[PDB]
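Down below is the structure, laid out as structure tokens.
Residue numbers (mature numbering (1 follows the signal peptide of the UniProt record, and there is no 0)): 150 to 188.
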């Protein structure tokens with residue numbers, strides 16, 4: 150295929166902010182296990 154080098158870099162920025170925001174607005178087990186474990 151062609152014209153992928155562009156669409157690629159465009160995806161990177163996505164996953165980058167995704168795993169950054171998601172892990173900063175989700176914490177499904179983070180604040181669930183740390184709140185019980187961490188004393």
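Ideal placement from N, C-alpha and C gives every residue a C-beta, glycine not left out.
Under the three-state reduction of DSSP, residue 165 is assigned to helix.
The three-state reading of DSSP puts residue 172 in helix, counting H, G and I together.
Separation of residue 174 and residue 157 (C-alpha to C-alpha, rounded to the nearest whole angstrom) is 25 Å. According to the DSSP assignment, residue 188 belongs to no alpha helix (DSSP H), since it is labelled neither H nor E.
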